[PDB]
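Reviewing the structure listed below.
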Amino acid sequence: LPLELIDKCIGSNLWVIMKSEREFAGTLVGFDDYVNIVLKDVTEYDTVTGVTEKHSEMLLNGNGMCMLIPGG
Amino acid sequence: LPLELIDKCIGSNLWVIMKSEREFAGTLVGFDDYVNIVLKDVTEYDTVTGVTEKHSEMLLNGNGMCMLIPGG
Amino acid sequence: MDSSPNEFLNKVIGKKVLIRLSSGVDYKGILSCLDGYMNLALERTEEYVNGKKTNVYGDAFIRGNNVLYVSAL
Amino acid sequence: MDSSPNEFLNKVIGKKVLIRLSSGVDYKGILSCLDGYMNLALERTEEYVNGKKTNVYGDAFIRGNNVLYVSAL
Amino acid sequence: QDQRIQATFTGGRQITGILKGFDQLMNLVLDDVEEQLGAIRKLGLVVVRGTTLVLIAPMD
Amino acid sequence: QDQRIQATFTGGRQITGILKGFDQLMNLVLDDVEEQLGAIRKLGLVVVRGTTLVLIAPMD
């Protein structure tokens with residue numbers, strides 16, 4: 001089950017790939033039925049420009065995400 | 001009410017504007033709660049390339065639509 | 001509101017349909033079945049980018065919620 | 001699953017947040033309230049395209065379901 | 001309500017119009033709509049989809 | 001199921017992987033995933049979102 005796998009990842013580092021050219025890596029805090037997720041200590045990666053940004057904590061919207069990858 | 005206005009348009013011509021650079025004009029047949037709509041005798045307009053295409057009938061997905069305009 | 005979308009898809013089961021993505025990719029295939037959520041099972045499907053056939057699928061599943069449109073052929 | 005998203009938004013009510021769109025537009029503003037659907041009421045909001053402040057809003061409504069992310073500032 | 005508002009869409013599209021109604025899903029009815037293309041197009045009476053609606057704010 | 005499949009996403013992204021599970025909303029679990037970028041990247045175990053999933057088909 002997709003959502004059971006995601007649930008196993010709480011407190012651990014997650015790698016997220018958007019349909020746009022952006023990736024996020026952070027610590028999964030929790031998520032809702034729609035897989036809107038909350039991440040802590042996040043690195044945002046712009047995969048075209050190469051630009052990186054840090055975030056203490058964020059609600060990452062699930063609509064534009066392609067993949068969530070346990071690990072980083 | 002948005003959905004009551006759309007309901008008034010059934011059997012009549014509707015103009016639809018997508019978030020992408022595309023427009024549709026056709027006869028509204030019906031729609032669901034999510035405003036996925038069915039159109040008849042449709043003209044598809046690519047607003048960049050200027051290319052036009054005809055359709056006898058189509059299910060036009062509501063997720064990418066910005067606006068529905070009663071008339072054409 | 002009603003179930004006009006599902007009625008339309010049922011009406012075209014067993015026929016060829018054109019499925020467009022907002023990206024501009026087109027699929028032409030035979031609609032075999034659907035569920036109530038507009039998930040589509042396709043047979044004998046051709047994929048076109050820029051008018052060039054780019055692939056074929058004997059069977060494909062297509063998530064109707066994520067396409068631009070399904071058009072009767 | 002739980003209500004971690006709504007918990008996060010409640011935790012940051014009255015604070016400045018960064019709201020990014022997939023287009024690359026950024027909003028920085030004060031979160032006043034939200035509803036259960038992640039519709040957001042903002043105050044004192046600045047809009048940035050390509051790092052240039054492009055507009056300000058004393059009050060704006062923002063549809064949280066349609067943004068890329070809301071980040072604590 | 002009955003106020004002129006501006007709206008932006010997930011695609012980047014921007015419009016302006018008078019709010020006449022709305023629903024739980026954030027579909028709106030706007031009158032006298034104008035889309036900023038520095039040109040503009042008048043669109044009249046429109047239904048705005050909450051599915052692509054990002055921002056709603058008073059005029060300016 | 002346990003078959004290798006290919007998948008395409010609303011963004012244009014394309015991947016390949018072994019189907020291990022899925023749910024009513026069309027989220028999938030895939031193992032041994034590879035994204036076609038003519039290069040490729042190996043991604044291992046992934047959860048695919050039904051929210052951007054367009055196409056699923058057998059290998060080839």
Side-chain angles (χ1 to χ4, degrees), chain A residues 1-48 50-72, chain D residues 1-12 17-22 38 64-65 67-73, chain F residues 7 9-11 13-23 25-35 37 40-53:
Chain A
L1 262 36
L3 261 59
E4 274 161 25
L5 180 53
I6 296 165
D7 176 89
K8 268 185 197 253
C9 295
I10 284 165
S12 297
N13 272 70
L14 239 206
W15 181 17
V16 180
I17 298 179
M18 312 304 292
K19 68 161 160 23
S20 62
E21 270 296 324
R22 295 198 180 76
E23 299 175 0
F24 301 81
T27 290
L28 175 66
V29 170
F31 66 91
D32 61 21
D33 359 43
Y34 319 105
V35 198
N36 301 311
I37 70 172
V38 176
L39 298 178
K40 273 189 337 176
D41 309 309
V42 189
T43 310
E44 179 180 3
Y45 305 92
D46 182 320
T47 294
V48 46
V51 168
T52 264
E53 310 168 61
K54 301 302 201 190
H55 297 264
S56 63
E57 178 157 54
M58 62 157 56
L59 172 53
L60 213 223
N61 188 292
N63 278 125
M65 57 181 315
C66 295
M67 296 170 113
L68 305 90
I69 321 206
Chain D
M1 155 237 301
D2 58 23
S3 65
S4 284
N6 288 145
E7 273 207 10
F8 166 83
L9 296 172
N10 279 279
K11 165 153 74 151
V12 92
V17 295
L18 161 62
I19 298 176
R20 176 157 296 180
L21 309 186
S22 35
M38 287 178 301
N65 211 224
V67 310
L68 183 69
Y69 67 64
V70 188
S71 182
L73 246 27
Chain F
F9 290 90
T10 269
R13 324 192 74 114
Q14 277 175 247
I15 62 171
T16 247
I18 301 162
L19 184 66
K20 295 290 181 196
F22 49 89
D23 66 21
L25 273 29
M26 295 304 318
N27 302 310
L28 318 179
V29 179
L30 294 189
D31 208 346
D32 187 36
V33 168
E34 305 185 331
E35 178 181 7
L37 289 173
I40 93 165
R41 95 224 269 204
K42 307 198 163 187
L43 296 176
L45 187 62
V46 324
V47 165
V48 165
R49 291 281 295 131
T51 223
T52 54
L53 212 218

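Protein chains get the first letters and strands the later ones, always in sequence-line order, with residue 1 at the start of each.
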Does the side chain to side chain contact (heavy atoms under 4.5 Å, CB included) test come out yes or no for A:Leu1 and F:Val29, once each step is laid out? CA-CA 7 Å; A:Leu1 262 36; F:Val29 179; over 6 Å; no
Side-chain heavy atoms of A:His55 within contact of D:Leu18, under 4.5 Å: yes
In Å, rounded to the nearest 0.5 Å, how long is the span from CZ of A:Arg22 to CD1 of A:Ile17? 14.0 Å
Do A:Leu28 and A:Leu39 come within less than 4.5 Å of each other through their side chains, counting heavy atoms only? yes
Answer yes or no: is there a side-chain heavy-atom contact under 4.5 Å between A:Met18 and A:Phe24? yes
For A:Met65 and A:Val16 the tightest heavy-atom approach is CE-CG1, 3.1 Å
Name of the residue among D:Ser71, D:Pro5, D:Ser4 meeting side-chain contact (heavy atoms from CB on, under 4.5 Å) with A:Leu59: D:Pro5
Which atom of F:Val47 lies closest to which atom of A:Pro2, heavy atoms considered: CG2-O, 3.9 Å
One should read off an interatomic distance between F:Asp32 CG and F:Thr16 OG1, to the nearest 0.5 angstrom, of 9.5 Å
On a heavy-atom basis, the closest approach of F:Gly21 and F:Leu19 is O-CD1, 3.5 Å
Please report the interatomic distance CD(F:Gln14) to SG(A:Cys66), rounded to the nearest 0.5 Å. 12.0 Å
When you look at A:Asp32 and D:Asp2, which way does the side chain to side chain contact (heavy atoms under 4.5 Å, CB included) test go after all the steps? CA-CA 5 Å; A:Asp32 61 21; D:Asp2 58 23; 6.0 Å; no
Rounded to the nearest 0.5 Å, what's the gap from CG on A:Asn63 to OG1 on F:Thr51? Could you check? 4.5 Å
Begin from the C-alpha positions of D:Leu21 and D:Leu68 and carry the test side chain to side chain contact (heavy atoms under 4.5 Å, CB included) through to its verdict. CA-CA 5 Å; D:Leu21 309 186; D:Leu68 183 69; 5.7 Å; no
Find out whether A:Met67 and F:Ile15 are in side-chain contact, i.e. whether some heavy atom of one side chain is under 4.5 Å from a heavy atom of the other. yes
Distance, nearest 0.5 Å, that separates CG of A:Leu3 from CE of D:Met1: 6.0 Å
Neighbour count above 12 (heavy atom, 6.0 Å) for A:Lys40 NZ: no
For the student: nearest non-hydrogen atoms of D:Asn65 and A:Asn61, plus distance: O-ND2, 2.7 Å
Going from CD on A:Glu44 to CD on A:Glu23, what distance comes out if it is rounded to the nearest 0.5 angstrom? 11.0 Å
Nearest non-hydrogen partners of A:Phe31 and A:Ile10, listed with the distance: CE2-CD1, 4.2 Å
Before you tell me yes or no, could you show the steps for D:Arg20 and A:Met58 under side chain to side chain contact (heavy atoms under 4.5 Å, CB included), namely the whole-Å CA-CA distance, both residues' side-chain angles and the distance that decides it to 0.1 Å? CA-CA 11 Å; D:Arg20 176 157 296 180; A:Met58 62 157 56; over 6 Å; no
Can you name the closest pair of heavy atoms from F:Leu37 and F:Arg41 and give their distance? CD2-CD, 4.0 Å
Answer whether the closest heavy-atom distance between the side chains of F:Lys20 and A:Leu5 falls below 4.5 Å. no
